[PDB]
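Novice: Sequence and experimental coordinates follow.
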Amino acid sequence: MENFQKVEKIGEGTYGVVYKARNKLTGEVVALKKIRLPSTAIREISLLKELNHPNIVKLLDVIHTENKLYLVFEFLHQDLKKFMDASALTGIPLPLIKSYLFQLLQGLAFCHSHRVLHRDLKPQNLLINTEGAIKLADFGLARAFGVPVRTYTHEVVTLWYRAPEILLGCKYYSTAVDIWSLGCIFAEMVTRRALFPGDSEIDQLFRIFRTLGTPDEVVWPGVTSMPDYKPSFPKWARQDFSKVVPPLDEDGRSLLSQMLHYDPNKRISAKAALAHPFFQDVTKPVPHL
Ligand SMILES: COc1cc(Br)ccc1CC(=O)O
Ligand SMILES: COc1cc(Br)ccc1CC(=O)O
Ligand SMILES: COc1cc(Br)ccc1CC(=O)O
Ligand SMILES: COc1cc(Br)ccc1CC(=O)O
Ligand SMILES: COc1cc(Br)ccc1CC(=O)O
Ligand SMILES: COc1cc(Br)ccc1CC(=O)O
C-alpha cells in the first residue's frame, strides 16, 4: 500500500513468485518479482538498469527491504509458450517466426556486445506484445544468482534449452549458450514441438545425441575431457535437419544448423546470424492474439 497496489498473481517464475502490481506514483502496471532467498547480486543486478534495449524487458527498480529482494520490470501480457500453445493447430506463421527470431537475435547481439549472457532462455521468458514485438525477460539474472548451478524456483527446472556444454559440466559460459537455446526455440516455433524435451540431464543429453549424433573430438575438440563426459555414452549417428524441422527452407535449416553446432566456438554469433540469408525477406507482422 505505500508504493504498490497488488493487482493479481502472475505465477511462480524461475526466481520466485511474480505479481502484477500498480506503481502508486506513476500509475503504471509492472511485474514485481520477489527473489526466493548476497550484496554481490544486488550490485550486479543494479548494473542491469543500464542494459536497455527495445528487445529486452526493461528493469525498472531493484528493492532490498526487510531483508527481502524484489525486482520491478516492465509488464507484458503474454509469453511465447502461451502463444505457441494458442497457435498449435496452425502454427505461428513463418513471417512472424522470422520476425521473432530476428528481434531476439538483435537483443542477444546487444547484450553479448556488453559480455552479458542470459544462460536460461526459454519460451516462458520471451514476452510478446500485440503489435509484433518480442522481448527477452530476466536477462543477466542468472550470473547474479549463480543459475544454472543454483536453483531458486519451486517448479522443475526446464532443461530443454540447455546447451550441451552446460550439461557436460563446463566451467566457462560463453555467448554460445544463448545461441543454442534460441536455436532450440526457433525449431520449436517451426515444428510446433519442443526439439529436445528432456526430463533429466541424461535424457536431455541423449535426445541431443540422437538428433545431432554423439559428439566426439572430430566435431568438438576437448569434449571427451569435459567433467561429465562418459566414454560409455551410446554412439548415435547425426540426422539431417531436413527430417528435424520440415518444412523450413534450406536457408533456415542452414541457420539452425549453425546455431546448434556442438563446439561453442563454432556456434554462429548473434551478429553473424542477423546477416544470414534467411533474413533477406524479414518483416514485422502483427500476431493473431
Ligand atoms: C516491494 O514491496 C513491498 C515489500 C514489502 Br516487505 C511489503 C509491501 C510491499 C509493497 C509496497 O511497499 O507498497
Ligand atoms: C503485501 O504483499 C504483497 C504486495 C504486493 Br504489491 C504484491 C504481492 C503481495 C503478496 C501478498 O499479498 O500476499
Ligand atoms: C511466472 O513466470 C514468469 C513471469 C514473468 Br512476468 C516472466 C517470466 C516468467 C517465467 C520464468 O521466470 O520462468
Ligand atoms: C510474497 O510476498 C510478496 C511478493 C511480492 Br512480488 C511483493 C511483496 C510481498 C510481501 C512479502 O514479501 O511478504
Ligand atoms: C509456409 O508455411 C509455413 C512454413 C513454416 Br517453416 C512455418 C510456418 C508456416 C505457416 C505459414 O506461414 O502460413
Ligand atoms: C508449487 O508449490 C510449491 C513447491 C515447493 Br518445492 C515448495 C512450496 C510450494 C508452495 C508455495 O510456497 O507456493
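Specialist: Perfect, I can see it now. Numbers count the residues shown, from 1 in each chain. Ligands and ions are numbered 1, 2, ... in the order given.

Novice: Number of residues surrounding the residue nearest to residue 223 when sequence neighbours are not counted?
Specialist: Distances taken as CB to CB, 6 or more residues apart in numbering put residue 215 closest to residue 223, at 4.9 Å, once the chain neighbours are dropped. Heads up, the C-betas are built off the backbone N, CA and C, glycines and all. Close neighbours of residue 215, defined as other CB atoms under 10 Å, add up to 24.

Novice: how much space between residue 215 and residue 231?
Specialist: As judged by CB to CB, to the nearest Å, residue 215 and residue 231 stand 12 Å apart.

Novice: Tell me, how many residues neighbour residue 17?
Specialist: 16.

Novice: Which strand residues bridge it?
Specialist: residue 12 (DSSP bridges).

Novice: helix or strand for residue 64, which one?
Specialist: strand 59-65 (DSSP states H and E).

Novice: Quick check: which helices or strands does that strand pack against?
Specialist: helix 39-47, strand 68-74 (3 or more CB pairs under 8 Å, 6 or more residues apart in numbering; DSSP states H and E).

Novice: Whether it contacts ligand 1 - can you check?
Specialist: Yes. Under the criterion of CB under 6 Å from any ligand atom, ligand 1 is reached by strand 59-65 at 63, 65.

Novice: Helices along the stretch 1-150 of the chain, start to end?
Specialist: 39-47, 80-86, 94-113, 141-145 (DSSP state H, counting those that start in this stretch).

Novice: Which residues does the shortest one contact?
Specialist: When contacts are taken as CB atoms under 8 Å, 6 or more residues apart in numbering, the neighbours of helix 141-145 outside the stretch itself are 14-15, 35, 40-41, 44-45, 48, 71, 116-120, 147-148, 152, 173.

Novice: near ligand 3, from those residues?
Specialist: Applying CB under 6 Å from any ligand atom to the contacts of helix 141-145, those adjacent to ligand 3 are residue 14.

Novice: Check the contacts of helix 141-145 for burial and list the buried ones.
Specialist: 14-15, 35, 41, 44-45, 48, 71, 116-120, 147-148, 152, 173 (16 or more other CB atoms under 10 Å).

Novice: Span of stretch 51-58 from start to end?
Specialist: 8 Å (CA to CA, to the nearest Å).

Novice: and that stretch with ligand 3, contact?
Specialist: No. Shown here: stretch 51-58 not in contact with ligand 3 (CB under 6 Å from any ligand atom), separated by at least 7.6 Å.

Novice: what are the phi and psi angles of residue 54?
Specialist: phi -60, psi -20 (degrees, to the nearest 10).

Novice: roughly how far apart are it and residue 86?
Specialist: 24 Å.

Novice: swap in residue 9?
Specialist: 21 Å.

Novice: Counting neighbours, go ahead and name the busier of those two.
Specialist: residue 86 (14 against 10).

Novice: Contacts only, for the more buried one.
Specialist: residue 289.

Novice: one more time with 10 Å
Specialist: If you count contacts by CB atoms under 10 Å, 6 or more residues apart in numbering, residue 86 has them with 78, 92, 287, 288, 289.

Novice: Next, show the common contact partners of residue 215 and residue 231.
Specialist: residue 224.

Novice: quick one: which of the contacts of residue 86 is most hemmed in?
Specialist: Neighbour max across the contacts of residue 86 (other CB under 10 Å) = residue 92, 24 neighbours.

Novice: Does it touch residue 83 like I think?
Specialist: Yes. With contact defined as CB atoms under 10 Å, residue 92 reaches residue 83; the gap is 7.2 Å.

Novice: who touches both of these two?
Specialist: Joint contacts of residue 92 and residue 83 (CB under 10 Å, 6+ apart) are 100, 189, 287, 288, 289.

Novice: And the residues you listed, which is closest to residue 206?
Specialist: Nearest to residue 206 out of these is residue 189 (CB to CB; 23.7 Å).

Novice: So for that closest one, what's the nearest residue that isn't a sequence neighbour?
Specialist: That would be residue 97: by CB to CB, 6+ apart, it lies 4.6 Å from residue 189.

Novice: What is the neighbour count of that neighbour?
Specialist: 19.

Novice: That one: what's it in contact with?
Specialist: Residue 97 neighbours (CB under 10 Å, 6+ apart): 91, 185, 186, 188, 189, 190, 248, 252, 285.

Novice: of all those, which comes closest to residue 60?
Specialist: Scanning the contacts of residue 97 for proximity to residue 60, where the rule is CB to CB, the winner is residue 185, at 25.7 Å.
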